[PDB]
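K.L.:
Contents of my_file-v6.pdb (PDB, C-alpha atoms and all ligand atoms):
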```
MODEL        1
ATOM      1  CA  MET L   1      20.748 -14.559  29.269  1.00  0.00           C
ATOM      2  CA  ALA L   2      21.289 -14.387  25.517  1.00  0.00           C
ATOM      3  CA  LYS L   3      18.521 -15.659  23.283  1.00  0.00           C
ATOM      4  CA  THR L   4      18.851 -17.969  20.308  1.00  0.00           C
ATOM      5  CA  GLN L   5      18.146 -16.795  16.782  1.00  0.00           C
ATOM      6  CA  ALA L   6      15.210 -19.188  16.748  1.00  0.00           C
ATOM      7  CA  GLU L   7      13.808 -17.607  19.897  1.00  0.00           C
ATOM      8  CA  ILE L   8      14.341 -14.175  18.387  1.00  0.00           C
ATOM      9  CA  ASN L   9      12.732 -15.064  15.079  1.00  0.00           C
ATOM     10  CA  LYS L  10       9.794 -16.533  16.949  1.00  0.00           C
ATOM     11  CA  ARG L  11       9.452 -13.402  19.060  1.00  0.00           C
ATOM     12  CA  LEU L  12       9.424 -11.220  15.956  1.00  0.00           C
ATOM     13  CA  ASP L  13       6.705 -13.360  14.405  1.00  0.00           C
ATOM     14  CA  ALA L  14       4.553 -13.179  17.510  1.00  0.00           C
ATOM     15  CA  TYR L  15       4.814  -9.394  17.555  1.00  0.00           C
ATOM     16  CA  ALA L  16       3.657  -9.202  13.960  1.00  0.00           C
ATOM     17  CA  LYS L  17       0.805 -11.626  14.570  1.00  0.00           C
ATOM     18  CA  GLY L  18      -0.302  -9.900  17.732  1.00  0.00           C
ATOM     19  CA  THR L  19       0.206 -12.979  19.863  1.00  0.00           C
ATOM     20  CA  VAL L  20       3.473 -12.113  21.598  1.00  0.00           C
ATOM     21  CA  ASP L  21       3.953 -13.200  25.188  1.00  0.00           C
ATOM     22  CA  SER L  22       4.093  -9.850  26.912  1.00  0.00           C
ATOM     23  CA  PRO L  23       2.241  -8.178  29.787  1.00  0.00           C
ATOM     24  CA  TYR L  24       2.234  -5.057  27.646  1.00  0.00           C
ATOM     25  CA  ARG L  25       0.397  -6.564  24.722  1.00  0.00           C
ATOM     26  CA  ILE L  26      -3.079  -5.203  24.206  1.00  0.00           C
ATOM     27  CA  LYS L  27      -5.546  -8.062  24.277  1.00  0.00           C
ATOM     28  CA  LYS L  28      -8.745  -6.212  23.370  1.00  0.00           C
ATOM     29  CA  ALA L  29      -9.239  -2.898  21.560  1.00  0.00           C
ATOM     30  CA  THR L  30      -8.380  -0.119  23.982  1.00  0.00           C
ATOM     31  CA  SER L  31      -8.173   3.642  24.329  1.00  0.00           C
ATOM     32  CA  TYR L  32      -7.362   6.023  27.174  1.00  0.00           C
ATOM     33  CA  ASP L  33      -5.962   8.941  25.218  1.00  0.00           C
ATOM     34  CA  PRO L  34      -8.343  10.349  22.595  1.00  0.00           C
ATOM     35  CA  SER L  35      -5.426  12.150  20.950  1.00  0.00           C
ATOM     36  CA  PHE L  36      -4.423   8.795  19.532  1.00  0.00           C
ATOM     37  CA  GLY L  37      -6.141   5.922  17.823  1.00  0.00           C
ATOM     38  CA  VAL L  38      -7.891   3.030  19.496  1.00  0.00           C
ATOM     39  CA  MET L  39      -5.160   0.477  20.075  1.00  0.00           C
ATOM     40  CA  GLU L  40      -5.827  -2.819  18.368  1.00  0.00           C
ATOM     41  CA  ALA L  41      -5.282  -6.245  19.842  1.00  0.00           C
ATOM     42  CA  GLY L  42      -1.583  -6.988  19.404  1.00  0.00           C
ATOM     43  CA  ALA L  43      -0.324  -3.518  20.160  1.00  0.00           C
ATOM     44  CA  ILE L  44       2.490  -2.974  22.627  1.00  0.00           C
ATOM     45  CA  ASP L  45       2.049  -0.252  25.224  1.00  0.00           C
ATOM     46  CA  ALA L  46       4.943  -0.553  27.653  1.00  0.00           C
ATOM     47  CA  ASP L  47       4.567   2.658  29.635  1.00  0.00           C
ATOM     48  CA  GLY L  48       0.828   3.148  29.331  1.00  0.00           C
ATOM     49  CA  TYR L  49       1.214   6.572  27.722  1.00  0.00           C
ATOM     50  CA  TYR L  50       0.580   7.836  24.283  1.00  0.00           C
ATOM     51  CA  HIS L  51      -0.693   4.432  23.320  1.00  0.00           C
ATOM     52  CA  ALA L  52       1.440   2.184  21.113  1.00  0.00           C
ATOM     53  CA  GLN L  53       4.425   4.380  20.349  1.00  0.00           C
ATOM     54  CA  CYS L  54       7.523   3.352  18.421  1.00  0.00           C
ATOM     55  CA  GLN L  55       9.704   2.957  21.485  1.00  0.00           C
ATOM     56  CA  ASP L  56       7.145   0.829  23.343  1.00  0.00           C
ATOM     57  CA  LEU L  57       8.011  -2.139  21.157  1.00  0.00           C
ATOM     58  CA  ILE L  58      11.717  -1.728  21.829  1.00  0.00           C
ATOM     59  CA  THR L  59      11.391  -1.489  25.599  1.00  0.00           C
ATOM     60  CA  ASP L  60       9.308  -4.649  25.615  1.00  0.00           C
ATOM     61  CA  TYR L  61      11.876  -6.286  23.336  1.00  0.00           C
ATOM     62  CA  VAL L  62      14.925  -5.244  25.350  1.00  0.00           C
ATOM     63  CA  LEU L  63      13.037  -6.352  28.450  1.00  0.00           C
ATOM     64  CA  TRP L  64      12.650  -9.850  27.066  1.00  0.00           C
ATOM     65  CA  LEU L  65      16.194  -9.995  25.704  1.00  0.00           C
ATOM     66  CA  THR L  66      17.454  -9.429  29.233  1.00  0.00           C
ATOM     67  CA  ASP L  67      14.877 -11.211  31.400  1.00  0.00           C
ATOM     68  CA  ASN L  68      13.389  -7.959  32.719  1.00  0.00           C
ATOM     69  CA  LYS L  69      16.695  -6.611  33.999  1.00  0.00           C
ATOM     70  CA  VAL L  70      17.188  -3.673  31.637  1.00  0.00           C
ATOM     71  CA  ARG L  71      14.387  -1.157  31.224  1.00  0.00           C
ATOM     72  CA  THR L  72      14.859   1.442  28.518  1.00  0.00           C
ATOM     73  CA  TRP L  73      14.671   5.173  29.138  1.00  0.00           C
ATOM     74  CA  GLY L  74      13.745   8.084  26.919  1.00  0.00           C
ATOM     75  CA  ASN L  75      12.766   7.938  23.299  1.00  0.00           C
ATOM     76  CA  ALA L  76      14.184   6.403  20.152  1.00  0.00           C
ATOM     77  CA  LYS L  77      17.150   8.754  19.756  1.00  0.00           C
ATOM     78  CA  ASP L  78      17.977   8.187  23.423  1.00  0.00           C
ATOM     79  CA  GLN L  79      18.646   4.505  22.824  1.00  0.00           C
ATOM     80  CA  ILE L  80      22.114   5.084  21.412  1.00  0.00           C
ATOM     81  CA  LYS L  81      22.873   7.128  24.509  1.00  0.00           C
ATOM     82  CA  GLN L  82      22.465   4.269  26.948  1.00  0.00           C
ATOM     83  CA  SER L  83      23.541   0.671  27.413  1.00  0.00           C
ATOM     84  CA  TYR L  84      21.522  -2.515  27.112  1.00  0.00           C
ATOM     85  CA  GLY L  85      24.341  -4.605  28.539  1.00  0.00           C
ATOM     86  CA  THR L  86      26.956  -7.083  27.382  1.00  0.00           C
ATOM     87  CA  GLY L  87      26.481  -8.395  23.874  1.00  0.00           C
ATOM     88  CA  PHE L  88      24.718  -5.296  22.650  1.00  0.00           C
ATOM     89  CA  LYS L  89      26.614  -3.207  20.135  1.00  0.00           C
ATOM     90  CA  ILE L  90      25.859   0.129  18.537  1.00  0.00           C
ATOM     91  CA  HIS L  91      26.743   0.469  14.874  1.00  0.00           C
ATOM     92  CA  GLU L  92      26.630   3.492  12.650  1.00  0.00           C
ATOM     93  CA  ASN L  93      24.684   3.002   9.464  1.00  0.00           C
ATOM     94  CA  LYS L  94      26.826   3.609   6.409  1.00  0.00           C
ATOM     95  CA  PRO L  95      26.082   2.639   2.794  1.00  0.00           C
ATOM     96  CA  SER L  96      27.810  -0.730   3.244  1.00  0.00           C
ATOM     97  CA  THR L  97      26.065  -1.570   6.511  1.00  0.00           C
ATOM     98  CA  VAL L  98      23.497  -4.346   6.279  1.00  0.00           C
ATOM     99  CA  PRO L  99      21.775  -5.365   9.504  1.00  0.00           C
ATOM    100  CA  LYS L 100      20.746  -8.758  10.791  1.00  0.00           C
ATOM    101  CA  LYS L 101      17.362 -10.039  11.886  1.00  0.00           C
ATOM    102  CA  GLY L 102      16.545  -9.052  15.439  1.00  0.00           C
ATOM    103  CA  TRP L 103      18.702  -5.941  15.289  1.00  0.00           C
ATOM    104  CA  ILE L 104      17.304  -2.588  16.315  1.00  0.00           C
ATOM    105  CA  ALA L 105      17.129   0.233  13.767  1.00  0.00           C
ATOM    106  CA  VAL L 106      17.419   3.848  14.895  1.00  0.00           C
ATOM    107  CA  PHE L 107      16.200   6.811  12.880  1.00  0.00           C
ATOM    108  CA  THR L 108      17.584  10.152  14.035  1.00  0.00           C
ATOM    109  CA  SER L 109      17.852  12.162  10.825  1.00  0.00           C
ATOM    110  CA  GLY L 110      15.858  13.225   7.789  1.00  0.00           C
ATOM    111  CA  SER L 111      12.277  14.364   8.202  1.00  0.00           C
ATOM    112  CA  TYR L 112      11.688  12.040  11.121  1.00  0.00           C
ATOM    113  CA  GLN L 113      10.523  13.169  14.548  1.00  0.00           C
ATOM    114  CA  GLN L 114      13.155  14.998  16.523  1.00  0.00           C
ATOM    115  CA  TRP L 115      12.889  12.310  19.184  1.00  0.00           C
ATOM    116  CA  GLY L 116      13.352   9.643  16.564  1.00  0.00           C
ATOM    117  CA  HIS L 117      11.790   6.512  15.165  1.00  0.00           C
ATOM    118  CA  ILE L 118      12.785   3.002  16.086  1.00  0.00           C
ATOM    119  CA  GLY L 119      12.084  -0.591  15.159  1.00  0.00           C
ATOM    120  CA  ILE L 120      13.327  -4.127  14.797  1.00  0.00           C
ATOM    121  CA  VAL L 121      15.054  -5.552  11.756  1.00  0.00           C
ATOM    122  CA  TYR L 122      12.811  -8.375  10.572  1.00  0.00           C
ATOM    123  CA  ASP L 123      14.804  -9.117   7.428  1.00  0.00           C
ATOM    124  CA  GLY L 124      18.366  -7.948   6.970  1.00  0.00           C
ATOM    125  CA  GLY L 125      17.809  -7.548   3.264  1.00  0.00           C
ATOM    126  CA  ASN L 126      20.581  -5.807   1.397  1.00  0.00           C
ATOM    127  CA  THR L 127      22.370  -2.531   0.808  1.00  0.00           C
ATOM    128  CA  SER L 128      19.361  -0.846  -0.757  1.00  0.00           C
ATOM    129  CA  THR L 129      16.442  -2.040   1.330  1.00  0.00           C
ATOM    130  CA  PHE L 130      15.585  -4.140   4.348  1.00  0.00           C
ATOM    131  CA  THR L 131      12.446  -5.038   6.273  1.00  0.00           C
ATOM    132  CA  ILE L 132      11.535  -3.466   9.598  1.00  0.00           C
ATOM    133  CA  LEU L 133       8.969  -4.308  12.229  1.00  0.00           C
ATOM    134  CA  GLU L 134       7.870  -1.115  13.901  1.00  0.00           C
ATOM    135  CA  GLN L 135       5.124   0.704  15.753  1.00  0.00           C
ATOM    136  CA  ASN L 136       3.711   4.185  15.142  1.00  0.00           C
ATOM    137  CA  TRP L 137       4.929   5.038  11.658  1.00  0.00           C
ATOM    138  CA  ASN L 138       1.441   6.416  11.062  1.00  0.00           C
ATOM    139  CA  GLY L 139       1.923   8.776  13.978  1.00  0.00           C
ATOM    140  CA  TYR L 140      -1.351   7.637  15.464  1.00  0.00           C
ATOM    141  CA  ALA L 141      -0.066   4.953  17.855  1.00  0.00           C
ATOM    142  CA  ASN L 142      -2.872   2.432  17.356  1.00  0.00           C
ATOM    143  CA  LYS L 143      -1.542  -0.334  15.138  1.00  0.00           C
ATOM    144  CA  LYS L 144       0.344  -3.386  16.341  1.00  0.00           C
ATOM    145  CA  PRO L 145       3.914  -3.970  15.101  1.00  0.00           C
ATOM    146  CA  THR L 146       3.789  -3.782  11.325  1.00  0.00           C
ATOM    147  CA  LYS L 147       6.274  -4.772   8.634  1.00  0.00           C
ATOM    148  CA  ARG L 148       7.604  -2.089   6.331  1.00  0.00           C
ATOM    149  CA  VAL L 149      10.322  -2.103   3.719  1.00  0.00           C
ATOM    150  CA  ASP L 150      12.828   0.604   4.573  1.00  0.00           C
ATOM    151  CA  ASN L 151      15.492   2.189   2.387  1.00  0.00           C
ATOM    152  CA  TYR L 152      17.877   3.440   5.104  1.00  0.00           C
ATOM    153  CA  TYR L 153      16.446   6.954   4.940  1.00  0.00           C
ATOM    154  CA  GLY L 154      16.970   8.770   8.216  1.00  0.00           C
ATOM    155  CA  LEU L 155      18.512   5.630   9.661  1.00  0.00           C
ATOM    156  CA  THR L 156      21.691   6.499  11.501  1.00  0.00           C
ATOM    157  CA  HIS L 157      22.363   3.597  13.858  1.00  0.00           C
ATOM    158  CA  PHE L 158      21.729  -0.100  14.354  1.00  0.00           C
ATOM    159  CA  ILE L 159      21.937  -1.806  17.702  1.00  0.00           C
ATOM    160  CA  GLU L 160      23.287  -5.328  17.508  1.00  0.00           C
ATOM    161  CA  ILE L 161      21.799  -7.766  19.989  1.00  0.00           C
ATOM    162  CA  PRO L 162      23.289 -10.797  21.779  1.00  0.00           C
ATOM    163  CA  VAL L 163      22.556 -14.118  20.142  1.00  0.00           C
ATOM    164  CA  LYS L 164      23.392 -17.551  21.500  1.00  0.00           C
TER     165      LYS L 164
HETATM  166 CA    CA U   1       2.837   4.098  25.291  1.00  0.00          CA
ENDMDL
END
```
Here is the file; what I need is its structure written in the form of structure tokens.
Ligand SMILES: [Ca+2]
P.N.:
Amino acid sequence: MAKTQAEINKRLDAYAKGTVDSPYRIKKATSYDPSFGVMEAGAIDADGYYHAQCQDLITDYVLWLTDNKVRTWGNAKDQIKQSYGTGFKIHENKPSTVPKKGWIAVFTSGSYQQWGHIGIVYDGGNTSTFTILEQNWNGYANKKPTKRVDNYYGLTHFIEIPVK
């Protein structure tokens, strides 16, 4: 059920614009847990807990990449400890490793949360920096998927996805 790069690129744009086709996309500003921020329209809350966390975007993504056949478990650091199916490949991030658009970036070291941070490679970039689309880098779980330029700090693994 592999997706085309064009379908992937279009999915990544819809996330960032808050118009993604998902049943987990927040349509109007919402809150149910006062410990977090009011979730804006565009935010992805896949489990319905702790608002728009980092992993929520990835479980919605993996869900779409596989036509709702693979649901993710655990947190960000748990994602390299399970399988998404055929076509998906886990790569270690080393200084020469540059990812591709649509790939999943996993942060399990540095001063990151012990349960990790996660996001989608929006632009592969180069050896020094790349662009990520992620949720909950602010720790407040309210913003929709936002682009950030990352410098491979704390980034330990990439997950390659199947492309047509
Ligand atoms: Ca959630």
K.L.:
Find the residues of chain L that sit at most 10 Å from ligand CA 1 (chain U); for each, write down the nearest two atoms and how far apart they are in Å, to one decimal. Count all atoms listed in the file. Sort by chain, then by number going up, and give it as a tab-separated table.
P.N.:
```
residue	atom	partner	partner_atom	distance
L:24	CA	U:CA1	CA	9.5
L:43	CA	U:CA1	CA	9.7
L:44	CA	U:CA1	CA	7.6
L:45	CA	U:CA1	CA	4.4
L:46	CA	U:CA1	CA	5.6
L:47	CA	U:CA1	CA	4.9
L:48	CA	U:CA1	CA	4.6
L:49	CA	U:CA1	CA	3.8
L:50	CA	U:CA1	CA	4.5
L:51	CA	U:CA1	CA	4.1
L:52	CA	U:CA1	CA	4.8
L:53	CA	U:CA1	CA	5.2
L:54	CA	U:CA1	CA	8.3
L:55	CA	U:CA1	CA	7.9
L:56	CA	U:CA1	CA	5.7
L:57	CA	U:CA1	CA	9.1
L:141	CA	U:CA1	CA	8.0
L:142	CA	U:CA1	CA	9.9
```
K.L.:
Looking at all atoms listed in the file, which of L:154, L:84, L:121, L:30 is the one that sits closest to residue 64 in chain L?
P.N.:
L:84
K.L.:
In terms of the shortest atom-to-atom distance over all atoms listed in the file, which of L:25, L:94, L:101, L:148 is closest to residue 10 in chain L?
P.N.:
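Of L:25, L:94, L:101, L:148, the one nearest residue 10 in chain L is L:101, counting all atoms listed in the file.
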K.L.:
Restricting the calculation to all atoms listed in the file, which member of L:123, L:92, L:33, L:150 is positioned closest to residue 12 in chain L?
P.N.:
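So, comparing all the options, the nearest one is L:123.
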K.L.:
Quick check on the file I pasted: which residues fall under the PyMOL selection byres (((chain L and resi 100) around 12) and not hetatm)? Write them as a PDB file with C-alpha atoms, in the frame of the given file.
P.N.:
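So the final result, stored in selection_34.pdb, reads:
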```
ATOM      1  CA  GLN L   5      18.146 -16.795  16.782  1.00  0.00           C
ATOM      2  CA  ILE L   8      14.341 -14.175  18.387  1.00  0.00           C
ATOM      3  CA  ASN L   9      12.732 -15.064  15.079  1.00  0.00           C
ATOM      4  CA  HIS L  91      26.743   0.469  14.874  1.00  0.00           C
ATOM      5  CA  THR L  97      26.065  -1.570   6.511  1.00  0.00           C
ATOM      6  CA  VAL L  98      23.497  -4.346   6.279  1.00  0.00           C
ATOM      7  CA  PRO L  99      21.775  -5.365   9.504  1.00  0.00           C
ATOM      8  CA  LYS L 101      17.362 -10.039  11.886  1.00  0.00           C
ATOM      9  CA  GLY L 102      16.545  -9.052  15.439  1.00  0.00           C
ATOM     10  CA  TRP L 103      18.702  -5.941  15.289  1.00  0.00           C
ATOM     11  CA  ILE L 104      17.304  -2.588  16.315  1.00  0.00           C
ATOM     12  CA  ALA L 105      17.129   0.233  13.767  1.00  0.00           C
ATOM     13  CA  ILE L 120      13.327  -4.127  14.797  1.00  0.00           C
ATOM     14  CA  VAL L 121      15.054  -5.552  11.756  1.00  0.00           C
ATOM     15  CA  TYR L 122      12.811  -8.375  10.572  1.00  0.00           C
ATOM     16  CA  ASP L 123      14.804  -9.117   7.428  1.00  0.00           C
ATOM     17  CA  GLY L 124      18.366  -7.948   6.970  1.00  0.00           C
ATOM     18  CA  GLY L 125      17.809  -7.548   3.264  1.00  0.00           C
ATOM     19  CA  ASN L 126      20.581  -5.807   1.397  1.00  0.00           C
ATOM     20  CA  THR L 127      22.370  -2.531   0.808  1.00  0.00           C
ATOM     21  CA  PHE L 130      15.585  -4.140   4.348  1.00  0.00           C
ATOM     22  CA  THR L 131      12.446  -5.038   6.273  1.00  0.00           C
ATOM     23  CA  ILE L 132      11.535  -3.466   9.598  1.00  0.00           C
ATOM     24  CA  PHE L 158      21.729  -0.100  14.354  1.00  0.00           C
ATOM     25  CA  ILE L 159      21.937  -1.806  17.702  1.00  0.00           C
ATOM     26  CA  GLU L 160      23.287  -5.328  17.508  1.00  0.00           C
ATOM     27  CA  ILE L 161      21.799  -7.766  19.989  1.00  0.00           C
ATOM     28  CA  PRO L 162      23.289 -10.797  21.779  1.00  0.00           C
ATOM     29  CA  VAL L 163      22.556 -14.118  20.142  1.00  0.00           C
TER      30      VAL L 163
END
```
K.L.:
Enclose range 149-162 of chain L, meaning all of its atoms listed in the file, in a box aligned along x, y and z, pad it by 6 Å on each side, and list the centre and edge lengths in Å to one decimal, as JSON.
P.N.:
```
{"center_x": 16.8, "center_y": -1.0, "center_z": 12.1, "size_x": 25.0, "size_y": 31.6, "size_z": 31.4}
```
K.L.:
Determine, counting all atoms listed in the file, every residue of protein, DNA or RNA that lies within 7 Å of (5.5, -4.0, 11.1) in the file coordinates, then give the result as JSON, numbers by chain.
P.N.:
{"L": [16, 132, 133, 134, 135, 145, 146, 147, 148]}
K.L.:
I'd like the interatomic distance between CA of residue 114 in chain L and CA of residue 129 in chain L, to a tenth of an Å.
P.N.:
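We find that CA of residue 114 in chain L and CA of residue 129 in chain L lie 23.1 Å from each other.
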K.L.:
Pick out the closest residue to residue 155 in chain L from this set: L:83, L:68, L:22, L:93. Count only C-alpha atoms.
P.N.:
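Once distances to residue 155 in chain L are computed over only C-alpha atoms, the minimum belongs to L:93.
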K.L.:
Any idea what the distance is between CA of residue 35 in chain L and CA of residue 113 in chain L?
P.N.:
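That distance, rounded to one decimal, is 17.2 Å.
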K.L.:
Please measure the separation of CA of residue 67 in chain L and CA of residue 1 in chain L, giving the value in Å to one decimal.
P.N.:
7.1 Å
K.L.:
Run the PyMOL selection byres (((chain L and resi 110) around 8) and not hetatm) against the file shown and list the residues it catches, as a list in words.
P.N.:
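Applying the expression gives residues 108, 109, 111, 112, 153 and 154 of chain L.
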K.L.:
Out of L:59, L:128, L:107, L:85, which residue has the shortest atom-to-atom distance to residue 73 in chain L when counting only C-alpha atoms?
P.N.:
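Of all the options, L:59 lies closest to residue 73 in chain L.
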K.L.:
Choose the residue, out of L:143, L:151, L:96, L:6, that has the smallest atom-to-atom separation from residue 41 in chain L; count all atoms listed in the file.
P.N.:
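The closest residue to residue 41 in chain L is L:143.
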K.L.:
Can you complete the atoms of range 12-31 of chain L to N, CA and C atoms and list them as a short mmCIF file (atom, residue, chain, number, x, y, z; two decimals), keeping the file's coordinate frame?
P.N.:
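The resulting out_26.cif:
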```cif
data_model
loop_
_atom_site.label_atom_id
_atom_site.label_comp_id
_atom_site.auth_asym_id
_atom_site.auth_seq_id
_atom_site.Cartn_x
_atom_site.Cartn_y
_atom_site.Cartn_z
N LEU L 12 9.73 -12.22 16.97
CA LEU L 12 9.42 -11.22 15.96
C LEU L 12 8.18 -11.59 15.17
N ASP L 13 7.90 -12.88 15.08
CA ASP L 13 6.70 -13.36 14.40
C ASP L 13 5.48 -13.17 15.27
N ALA L 14 5.65 -13.32 16.57
CA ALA L 14 4.55 -13.18 17.51
C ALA L 14 4.13 -11.72 17.67
N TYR L 15 5.10 -10.82 17.57
CA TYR L 15 4.81 -9.39 17.56
C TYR L 15 3.91 -9.07 16.38
N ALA L 16 4.34 -9.51 15.20
CA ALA L 16 3.66 -9.20 13.96
C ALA L 16 2.27 -9.83 13.88
N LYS L 17 2.07 -10.92 14.62
CA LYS L 17 0.80 -11.63 14.57
C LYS L 17 -0.09 -11.19 15.70
N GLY L 18 0.46 -10.43 16.63
CA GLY L 18 -0.30 -9.90 17.73
C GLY L 18 -0.53 -10.92 18.82
N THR L 19 0.37 -11.89 18.91
CA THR L 19 0.21 -12.98 19.86
C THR L 19 1.41 -13.12 20.77
N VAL L 20 2.25 -12.09 20.81
CA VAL L 20 3.47 -12.11 21.60
C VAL L 20 3.19 -12.34 23.08
N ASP L 21 4.10 -13.02 23.76
CA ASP L 21 3.95 -13.20 25.19
C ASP L 21 4.55 -12.00 25.89
N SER L 22 3.69 -11.07 26.25
CA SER L 22 4.09 -9.85 26.91
C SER L 22 2.95 -9.38 27.79
N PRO L 23 3.27 -8.75 28.92
CA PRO L 23 2.24 -8.18 29.79
C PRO L 23 1.81 -6.82 29.27
N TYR L 24 2.47 -6.37 28.21
CA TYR L 24 2.23 -5.06 27.65
C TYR L 24 1.52 -5.15 26.32
N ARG L 25 1.15 -6.36 25.94
CA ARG L 25 0.40 -6.56 24.72
C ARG L 25 -1.06 -6.29 24.98
N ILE L 26 -1.68 -5.55 24.08
CA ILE L 26 -3.08 -5.20 24.21
C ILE L 26 -3.92 -6.37 23.72
N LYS L 27 -4.79 -6.86 24.59
CA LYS L 27 -5.55 -8.06 24.28
C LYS L 27 -6.85 -7.75 23.56
N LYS L 28 -7.52 -6.68 23.99
CA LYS L 28 -8.74 -6.21 23.37
C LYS L 28 -8.59 -4.75 23.00
N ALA L 29 -9.35 -4.28 22.02
CA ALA L 29 -9.24 -2.90 21.56
C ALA L 29 -9.41 -1.89 22.69
N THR L 30 -8.46 -0.97 22.81
CA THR L 30 -8.38 -0.12 23.98
C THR L 30 -8.01 1.32 23.65
N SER L 31 -8.59 2.25 24.40
CA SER L 31 -8.17 3.64 24.33
C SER L 31 -8.30 4.33 25.68
#
```
